[PDB]
Amino acid sequence: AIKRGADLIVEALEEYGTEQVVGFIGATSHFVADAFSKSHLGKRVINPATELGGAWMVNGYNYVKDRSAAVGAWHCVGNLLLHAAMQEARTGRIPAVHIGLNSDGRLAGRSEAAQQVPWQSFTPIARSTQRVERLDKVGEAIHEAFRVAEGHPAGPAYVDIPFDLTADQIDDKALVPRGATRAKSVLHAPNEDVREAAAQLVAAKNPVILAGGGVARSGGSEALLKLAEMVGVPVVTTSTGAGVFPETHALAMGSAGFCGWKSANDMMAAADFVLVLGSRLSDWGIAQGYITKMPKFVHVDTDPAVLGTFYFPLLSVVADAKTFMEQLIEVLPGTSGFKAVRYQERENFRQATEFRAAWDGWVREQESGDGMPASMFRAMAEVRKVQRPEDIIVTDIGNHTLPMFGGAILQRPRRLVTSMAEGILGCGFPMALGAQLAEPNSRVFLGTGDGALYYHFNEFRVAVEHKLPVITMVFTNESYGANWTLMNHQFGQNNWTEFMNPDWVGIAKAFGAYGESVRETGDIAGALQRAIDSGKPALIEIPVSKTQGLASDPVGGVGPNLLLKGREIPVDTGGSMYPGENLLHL
Amino acid sequence: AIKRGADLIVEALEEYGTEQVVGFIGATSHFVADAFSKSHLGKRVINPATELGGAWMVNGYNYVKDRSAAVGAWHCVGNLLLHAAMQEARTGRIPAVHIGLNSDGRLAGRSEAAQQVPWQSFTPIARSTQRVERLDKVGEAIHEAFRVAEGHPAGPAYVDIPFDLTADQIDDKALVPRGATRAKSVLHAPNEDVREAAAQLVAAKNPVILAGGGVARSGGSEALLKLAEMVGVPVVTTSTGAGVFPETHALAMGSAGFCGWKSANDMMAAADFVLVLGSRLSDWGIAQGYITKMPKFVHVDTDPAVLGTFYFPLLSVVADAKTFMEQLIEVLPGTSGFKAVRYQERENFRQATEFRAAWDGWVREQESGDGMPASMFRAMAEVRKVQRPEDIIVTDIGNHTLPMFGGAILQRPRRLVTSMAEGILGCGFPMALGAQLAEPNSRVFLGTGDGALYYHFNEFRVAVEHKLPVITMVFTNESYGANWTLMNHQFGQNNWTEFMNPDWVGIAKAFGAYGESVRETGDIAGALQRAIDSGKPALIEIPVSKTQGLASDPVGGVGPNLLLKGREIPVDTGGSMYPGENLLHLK
Amino acid sequence: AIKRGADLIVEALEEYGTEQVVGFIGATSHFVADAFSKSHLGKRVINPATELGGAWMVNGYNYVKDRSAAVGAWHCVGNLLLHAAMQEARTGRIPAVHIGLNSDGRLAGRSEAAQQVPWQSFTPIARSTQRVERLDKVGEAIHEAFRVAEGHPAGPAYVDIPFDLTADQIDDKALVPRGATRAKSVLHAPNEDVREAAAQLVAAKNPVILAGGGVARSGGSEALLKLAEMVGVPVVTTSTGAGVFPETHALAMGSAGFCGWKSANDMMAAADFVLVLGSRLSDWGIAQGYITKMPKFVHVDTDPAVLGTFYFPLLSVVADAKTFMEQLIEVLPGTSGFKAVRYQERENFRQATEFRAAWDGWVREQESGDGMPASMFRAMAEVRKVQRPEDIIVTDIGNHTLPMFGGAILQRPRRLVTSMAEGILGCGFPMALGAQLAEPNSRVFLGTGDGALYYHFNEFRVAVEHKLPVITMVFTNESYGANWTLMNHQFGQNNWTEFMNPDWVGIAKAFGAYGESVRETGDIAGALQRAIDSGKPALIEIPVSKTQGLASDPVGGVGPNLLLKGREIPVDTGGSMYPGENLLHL
Ligand SMILES: Cc1cc2nc3c(=O)[nH]c(=O)nc-3n(C[C@H](O)[C@H](O)[C@H](O)COP(=O)(O)OP(=O)(O)OC[C@H]3O[C@@H](n4cnc5c(N)ncnc54)[C@H](O)[C@@H]3O)c2cc1C
Ligand SMILES: Cc1cc2nc3c(=O)[nH]c(=O)nc-3n(C[C@H](O)[C@H](O)[C@H](O)COP(=O)(O)OP(=O)(O)OC[C@H]3O[C@@H](n4cnc5c(N)ncnc54)[C@H](O)[C@@H]3O)c2cc1C
Ligand SMILES: Cc1cc2nc3c(=O)[nH]c(=O)nc-3n(C[C@H](O)[C@H](O)[C@H](O)COP(=O)(O)OP(=O)(O)OC[C@H]3O[C@@H](n4cnc5c(N)ncnc54)[C@H](O)[C@@H]3O)c2cc1C
Ligand SMILES: Cc1ncc(C[n+]2csc(CCOP(=O)(O)OP(=O)(O)O)c2C)c(N)n1
Ligand SMILES: Cc1ncc(C[n+]2csc(CCOP(=O)(O)OP(=O)(O)O)c2C)c(N)n1
Ligand SMILES: Cc1ncc(C[n+]2csc(CCOP(=O)(O)OP(=O)(O)O)c2C)c(N)n1
Ligand SMILES: [Mg+2]
Ligand SMILES: [Mg+2]
Ligand SMILES: [Mg+2]
Ligand SMILES: [Mg+2]
Ligand SMILES: [Mg+2]
């Protein structure tokens with residue numbers, strides 16, 4: 001059949017499992033938007049306020065799905081706003097296909113052309129960047145983008161298609177590749193690696209299992225619970241792993257790291273051995289600025305590139321996390337030293353339950369205070385009173401990150417969402433809409449800073465029009481609080497950190513969202529209830545302090561050290577001059 | 001002599017004429033922000049709601065100054081939001097220096113590092129991209145960035161500095177290059193080229209002078225007025241040149257192009273010869289999608305890359321526009337065929353005034369009607385009643401761009417501001433705030449679509465805190481109106497074009513800005529008076545049609561052609577298969 | 001200890017298993033060459049005639065070793081000659097670390113600087129490109145280059161180091177990373193993928209096993225022989241797989257492809273099922289220009305990126321080749337339909353032995369003719385008379401490639417060497433020296449075209465000085481014969497294909513190598529014997545025809561189709577003009 005390039009793009013997206021499109025109109029995306037109107041996928045298109053906002057919605061959607069189920073489709077110069085959200089998708093292992101419709105290929109390369117987008121600007125960011133030159137390559141390029149996005153590591157793929165190819169027509173026989181099969185990711189380890197891992201776990205005096213986001217992608221929750229109870233070993237997570245182990249369990253120490261739970265950081269500091277499953281041991285995760293001293297450890301990942309890149313393990317294993325844990329459970333009964341004992345009766349149990357008890361006690365102190373300005377831990381205690389096991393907690397980047405991570409007690413995977421890998425401010429609100437779209441039976445609670453919300457609150461348009469009932473708490477301190485605190489620490493003085501807020505209640509109301517301030521009442525519980533009862537997206541304005549959280553609270557972290565001291569650098573004495581220095585010698 | 005890298009960065013910026021910093025705080029820009037607090041630039045700091053809004057402010061400030069007077073200074077990952085503004089700066093010839101402070105150079109190249117920004121993403125966009133490796137190269141790199149940025153052509157320069165270098169200390173002797181005098185840009189043309197141009201101009205039956213952006217940069221307004229009156233030749237502009245020739249003059253035909261004045265397009269279609277001064281003859285300018293047929297022409301520019309790249313001139317001249325006009329003025333009296341008569345007495349004068357009067361009559365007609373929805377041409381007629389020669393008109397991108405350009409009647413250079421080169425949606429409000437900052441005693445009027453305003457109205461924080469009293473009119477139609485109109489024409493149906501507006505008055509009021517809707521009054525005149533009287537940034541909501549403007553109004557345009565017909569493309573029958581096609585051959 | 005950057009580079013190379021350095025001197029490599037003189041590795045440095053020649057020696061060395069055992073180290077502007085050999089290492093999966101010493105970092109970025117090498121020119125080629133900014137990062141960068149080079153896929157890694165860092169000094173504590181462990185590559189498949197593969201093999205009427213270079217990297221020869229005899233299935237290889245199965249076995253069909261053995265191409269055309277092990281199914285390999293129609297197949301690779309990229313398998317499996325084959329052998333006895341029968345008694349045996357017999361018969365016809373000009377198949381028959389099982393056959397790119405591939409009958413892996421992935425002319429001679437250096441108990445026989453040998457015969461310097469007794473046959477036809485033939489086919493006329501040769505015997509003699517022409521004698525057997533007896537590198541000049549081989553001989557290929565016909569392309573009618581067209585409308 002003769003079809004337009006635009007029709008073929010839509011066909012390819014459908015064929016590879018696309019569920020949601022986030023799209024922006026302009027002359028170069030007109031044929032694509034028309035094609036979409038004639039197809040199933042056309043019923044699910046979000047038109048965002050900005051392309052960057054839309055790109056964050058893709059990331060929030062796909063983060064919780066672990067596939068490229070949301071796809072961006074953008075008019076040429078709109079693609080120029082993608083890079084920040086794309087960089088998060090790359091280091092954060094978020095599958096994300098973006099299709100940019102560039103201007104007419106006939107005008108490419110002409111110096112005075114308009115809206116010829118430099119697609120090569122994505123080469124250092126996307127896991128795959130393709131410029132499509134020929135109509136008969138559109139299906140093949142889209143196929144390749146999805147293979148790349150959904151591989152190990154997951155990440156973003158950018159496809160640049162000059163829009164004249166979307167208007168042109170071609171016979172479609174075999175053009176969109178069909179019948180594609182994927183290899184399983186259930187990679188098994190060799191018996192001897194399994195036995196060695198088991199023997200170390202058994203011989204350790206104070207082992208820990210460290211479960212990262214890979215355990216979530218793996219589906220390894222059930223095997224992890226079994227394993228930990230069988231060996232009687234406390235479980236620490238990364239922030240992307242949090243919730244793969246029920247955080248109300250006695251062996252649950254929570255997440256390690258600089259914004260994590262002190263019980264986890266204590267347990268990591270006390271451990272003599274760690275079994276790491278599905279973690280990349282990253283800079284703002286377990287590495288803490290590459291300061292963390294890891295105990296002897298076994299490291300199991302599906303991505304060989306993360307194994308041994310910085311931390312040298314006792315043993316590295318290329319295996320799926322669930323599968324590895326299943327292999328361990330089978331081998332443990334024939335492992336020298338293993339005794340089947342209730343985890344409560346093991347000798348390491350009391351130390352772990354002590355660490356968790358002290359952390360819980362500290363959290364209870366943080367959340368117990370009444371009144372205004374509010375504790376962000378108190379705000380999270382109120383959320384927990386109305387929270388379901390499938391609900392999603394979203395945060396932005398700032399002081400507020402710490403109380404959000406600390407007051408989230410999670411029972412399922414992929415329920416904690418932010419710009420994890422890159423810490424890009426403004427991510428929260430639009431990632432929350434993305435997650436809501438992907439998970440319509442989850443209530444989505446976002447705790448955002450005021451500096452953060454300033455970025456993409458324009459997307460209340462999308463929250464209102466698509467009836468996405470995200471409950472947003474905006475923590476107001478009229479400051480970039482983390483920056484305030486860190487400057488205060490480093491210099492004893494802050495600069496560029498202070499600003500005015502609008503009447504956020506008034507902003508919400510102007511969009512037709514639910515709005516309420518607790519500034520005078522302190523009634524967070526009632527504000528949450530009325531917000532939930534409205535059925536609308538909601539904004540609850542909650543004044544807090546400039547310093548509570550990431551930059552001040554002691555949770556046992558050791559880094560990252562962003563507060564450098566300098567070094568004195570020797571001048572170059574080799575005899576060569578500086579530019580302009582010739583005039584000094586005259 | 002002993003200084004931190006952060007102090008040397010500040011010292012270099014001050015040395016090369018920086019007047020305004022637009023900066024964004026974070027763990028990598030902490031040192032820089034501290035150093036700036038020790039400088040007189042410390043009081044001239046704008047902290048924008050987002051780095052992209054800030055980068056648009058940089059573009060608006062520098063567009064009106066023709067130098068990199070405003071500089072950006074950004075925490076590592078905020079640099080990832082710059083690309084769209086930076087691309088307009090590149091093709092739009094706006095000088096712009098951006099300093100990105102990256103994360104620690106010790107952590108660079110680690111696969112699991114956080115906030116290590118891929119500075120290489122700027123290589124295809126900036127006219128200069130540098131990654132500084134060494135503390136003793138920071139002054140040198142910044143010097144180079146200004147050299148590129150304020151060259152011919154002007155554009156953006158990006159410098160990536162790992163922030164450990166900003167904390168490190170070094171003896172500062174000779175580190176910041178100082179005391180350069182740049183080359184003059186008053187390039188003279190050869191005598192023979194000036195005399196050939198004079199002879200073409202005199203021999204033409206119906207000549208036109210086309211003045212672009214380059215005439216504004218050259219400071220050539222006075223020379224142009226003298227040349228145009230002395231030969232009696234009508235003047236056509238590009239949108240960036242508009243105002244270099246007073247548009248109330250009898251010889252002013254306005255701007256040619258698809259959102260230009262019909263008088264200018266009528267003139268261009270009637271001319272037998274064009275003298276092109278400081279125009280790049282661009283896709284969305286004079287070329288109109290490379291469909292415009294140019295008459296025989298002489299092309300004078302300082303940038304040889306634009307001369308003969310697409311349209312082949314009769315004669316190409318590398319020279320400064322002002323300087324060339326001066327040279328022409330001096331040779332014309334000795335040029336065979338020249339006659340010294342008042343421009344009103346030439347026979348070509350009548351046709352030009354007819355073209356201008358028919359255009360003015362059409363504009364008068366678009367101004368009439370009342371009440372609701374209102375005409376955007378009516379909105380501009382009300383602005384003109386309150387507008388002084390030094391005041392600035394800003395627009396965003398969409399249907400509304402055409403009445404903003406058609407309703408702007410300008411008497412000075414650099415008074416019409418937008419994302420000219422790239423038509424990046426959203427640009428209007430923050431570029432207007434940048435322009436206001438550059439000219440605190442000019443009034444700045446913005447006409448913006450509702451789609452457009454949605455991008456960076458968050459920068460009302462900056463407008464309110466810094467008391468930048470931009471007068472913004474937001475044209476409401478609950479639509480990407482251009483898309484609605486054109487998609488209906490292409491396909492019989494619009495898609496992805498419609499959206500809800502907030503209560504725009506309520507948004508302004510929530511920021512502390514002046515807000516008023518004319519939905520129930522039609523009282524644009526009174527709204528403008530009250531907005532001006534408020535002394536605050538102001539937002540006036542004006543309901544408009546989905547169709548008025550760019551997608552609907554005939555102004556003599558021939559292009560561009562974005563509403564493509566397909567071609568049917570032959571399949572490759574050489575024997576190579578598609579991916580997956582192996583499955584289709586299994587019997 | 002305070003050490004120079006140069007000393008630290010040498011330390012890192014030693015620590016990561018470097019055996020051979022190929023190095024070129026200049027002001028920027030002076031400190032490195034000095035450091036090398038003070039260390040074990042300094043005894044093994046080849047100084048080549050050119051950096052490109054040297055880069056091919058790295059590729060020949062590392063091709064046969066399957067690790068980055070040879071390393072390039074180059075003065076700044078010398079690195080500009082690397083790109084061709086580096087591109088082969090990338091698509092050809094050859095591990096190769098190259099260290100470029102750039103000019104002084106103080107002069108970087110200055111427009112009028114000399115010898116500031118644009119290291120970004122390697123970004124699109126190397127699997128990893130790093131520019132080192134800081135002395136304390138030299139060890140870490142070299143560590144990362146080796147992890148990358150020796151991963152799956154293998155490939156080149158480029159490290160650019162401004163030479164001032166090689167002269168500078170730093171305390172060395174922990175600077176070079178030590179104690180690095182690698183994950184095994186013995187990835188196991190899930191039981192159900194194994195059982196499904198076994199069931200298909202058993203149920204097939206005419207199965208084939210296709211073994212690629214991955215079987216060589218895997219060490220899978222023994223398991224392959226067992227498997228094939230157990231199921232009674234004929235074995236086809238790729239050209240990089242050739243020799244993983246003894247090519248004198250009754251089930252050995254040889255290599256498929258456009259320069260392969262007709263028995264293999266027949267068997268592929270007759271097969272109803274293929275089990276593909278360690279092959280990427282490439283353009284100039286099995287795909288034959290993407291024209292080859294693959295039967296239903298199972299595809300097993302360690303690199304998920306090759307699985308399903310073009311050919312859609314019945315099943316894709318991420319597993320090590322040897323391990324997979326071991327798993328199959330275990331599962332086969334409990335697989336429905338399997339009967340233990342001598343492979344000679346299976347029903348498919350007669351068809352396979354017929355295909356091989358016809359091919360052998362054709363080869364015997366090609367090699368039997370006496371006299372001059374010579375058959376290149378006759379030349380390969382003479383090599384076979386003096387050939388050991390560990391000997392290496394090298395070829396360059398041309399008509400001569402086909403007889404070289406056809407007349408090589410191999411019994412061990414990694415014995416057939418050329419620019420396999422990219423077909424870059426001139427590769428042969430220097431790759432042969434590289435292979436000789438890596439394998440000093442192998443005799444290395446190169447059959448090269450005259451157009452090919454012209455590139456890097458300057459490296460006879462290296463062959464003579466290091467006593468590398470490569471036996472080179474130069475096939476003279478005074479032409480780029482493959483080009484002659486293909487132009488003749490396409491146009492009926494050739495252009496740019498003809499040239500003069502020097503007296504090649506005289507060239508060899510001028511270097512102190514052994515030289516002999518068979519132009520008058522036809523005595524290839526005696527020339528080989530005297531060349532071998534000399535103990536020197538040798539050149540034997542052998543006139544041949546312009547057309548024998550790749551471009552003419554029927555071996556059952558179907559592609560690639562480089563002889564396109566064109567299509568008529570519609571003009572653009574949208575109304576926009578060409579540059580300069582304005583003058584046509586005047
Ligand atoms: C302000 C801020 C504060 C933060 N604080 C913390 C903190 O305190 N603690 C913290 O942990 N993080 C924190 N982060 C997040 C941190 O930056 C990283 O995003 C996070 O630590 C990475 O988690 P991970 O190591 O589990 O790997 P991920 O990024 O989740 O990647 C998944 C890993 O699992 C592997 N994998 C995938 N699938 C499988 C499978 N099937 N089998 C095996 N392996 C698989 C992948 O190859 C990869 O190595 C913070 C972020 C910010 C912005
Ligand atoms: C929606 C939309 C509609 C538009 N419609 C129109 C329209 O109708 N008409 C129109 O013209 N534009 C239009 N534009 C703008 C258009 O895209 C270009 O930005 C504009 O035409 C470029 O102007 P210019 O050719 O004068 O060159 P500029 O971009 O202003 O560049 C300046 C030129 O002069 C040169 N120069 C600089 N200094 C000197 C000197 N001292 N001496 C000599 N030469 C010098 C430079 O090298 C360069 O060639 C539109 C844009 C948008 C987004
Ligand atoms: C003139 C010329 C003619 C040619 N003619 C032919 C021809 O007729 N036939 C032919 O085959 N080639 C031919 N080639 C070579 C061809 O271009 C390719 O280089 C070759 O076919 C690739 O072999 P391969 O598919 O085995 O993969 P390789 O390039 O050898 O790559 C190895 C593959 O095995 C995998 N692998 C690596 N280790 C393991 C492991 N442990 N377990 C599992 N998998 C692993 C890798 O991921 C990869 O997919 C020719 C080249 C030239 C220049
Ligand atoms: C795009 C971007 N710009 C700047 C920063 C630096 N940054 C990190 S946290 C932060 C503070 C955010 O302020 P707010 O959202 O109000 O949260 P608070 O610290 O007050 O809780 C800043 C400015 C960043 N990470 N990303
Ligand atoms: C970043 C970006 N996204 C999309 C476009 C395509 N585009 C061009 S004009 C326009 C319409 C703008 O709508 P509005 O501001 O409401 O103006 P109207 O057309 O209604 O006057 C769009 C979506 C663009 N140029 N830039
Ligand atoms: C670097 C390079 N240049 C050109 C070619 C194109 N090419 C491929 S085979 C060949 C013929 C080589 O001639 P020769 O070595 O004499 O071998 P013959 O075909 O005569 O056997 C040519 C020119 C190539 N592959 N690589
Ligand atoms: Mg479907
Ligand atoms: Mg805040
Ligand atoms: Mg609108
Ligand atoms: Mg050793
Ligand atoms: Mg030849």
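Numbers restart at 1 for each chain; the letters A, B, ... are given by sequence-line order, proteins then strands. As a basis for the values below, the full set of heavy atoms in this structure was taken, side chains included, without hydrogen atoms, waters or symmetry mates. First listed ligand is number 1; within each ligand, the first listed atom is number 1.
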What residue and heavy atom of the protein are closest to [atom], and at what distance?
atom                    : result
atom 14 (P) of ligand 4 : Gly451(A) N, 3.7 Å
atom 3 (N) of ligand 4  : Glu51(B) OE2, 2.6 Å
atom 15 (O) of ligand 4 : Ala452(A) N, 2.9 Å
atom 9 (S) of ligand 4  : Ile397(A) O, 3.3 Å
atom 5 (C) of ligand 4  : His75(B) CD2, 3.4 Å
atom 20 (O) of ligand 4 : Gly481(A) N, 2.9 Å

Is a donor on one side and an acceptor on the other found under 3.5 Å between the side chain of [X] and the backbone of [Y]?
X         : Y         : value
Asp396(B) : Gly426(B) : yes
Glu478(A) : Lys546(A) : no
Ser479(B) : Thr497(B) : yes

Run the numbers for me: atoms of ligand 4, each under 4.0 Å from some heavy atom of [X], listed by number.
X         : answer
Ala482(A) : 19 (O)
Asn483(A) : 7 (N), 10 (C), 22 (C), 23 (C)
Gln115(B) : 25 (N)
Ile25(B)  : 4 (C), 5 (C), 6 (C), 23 (C)
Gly26(B)  : 6 (C)
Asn477(A) : 20 (O)

Counting only heavy atoms not in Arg178(C), do more than 12 sit closer than 6.0 Å to its CZ atom? no
Within reach of ligand 4, part of [X] (heavy-atom separation under 4.0 Å):
X         : value
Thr401(A) : neither
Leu425(A) : both
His400(A) : both
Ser479(A) : backbone
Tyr455(A) : side chain
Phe475(A) : neither
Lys546(A) : neither

Would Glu422(A) count as a contact of ligand 4 if the rule is a heavy atom under 4.0 Å away? no
Just to check, does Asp396(A) reach to within less than 4.0 Å of ligand 4 when the distance is taken from its heavy atoms? no
If only side-chain N and O atoms count, and only distance matters, is there a donor-acceptor pair under 3.5 Å linking [Y] with [X]?
X         : Y         : answer
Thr28(B)  : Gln115(B) : no
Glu422(A) : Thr91(A)  : yes
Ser419(A) : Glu88(A)  : yes
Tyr16(C)  : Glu150(C) : no
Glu541(A) : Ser517(A) : no

N, O or S atom within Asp450(B) nearest to the Mg ion (ligand 9), by name: OD1
Do any N/O/S atoms of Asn399(B) come under 2.8 Å of the Mg ion (ligand 9)? no
N, O or S from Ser479(B) under 2.8 Å to the Mg ion (ligand 9): yes
Measuring from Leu82(B):CG to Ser121(B):OG, what's the distance to the nearest 0.5 Å? 9.0 Å
Could you state the interatomic distance from OG1 (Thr166(B)) to CD1 (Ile161(B)), rounded to the nearest 0.5 Å? 8.0 Å
When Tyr454(B), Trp496(B), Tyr480(B) are each screened for ring pair (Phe, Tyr, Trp, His ring centres under 6.0 Å) with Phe24(A), the one that passes is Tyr480(B)
Parallel, tilted or perpendicular: which fits the ring planes of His400(B) and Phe475(B), with parallel below 30° and perpendicular above 60°? tilted
Between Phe457(B) and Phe457(A), is a ring-ring contact (aromatic ring centres under 6.0 Å, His included) present by the stated rule, with each step listed? CA-CA 10 Å; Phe457(B) 75 96; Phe457(A) 73 95; 5.2 Å; yes
Non-hydrogen side-chain atoms of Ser103(B) and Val117(B) separated by less than 4.5 Å: no
Taking side-chain contact (heavy atoms from CB on, under 4.5 Å) as the criterion, tell me which of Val474(A), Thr472(A), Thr448(A) meets it with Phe429(A). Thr472(A)
For [X] and ligand 4, does the shortest N/O to N/O distance drop below 3.5 Å?
X         : value
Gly423(A) : yes
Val77(B)  : no
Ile424(A) : no
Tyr480(A) : no

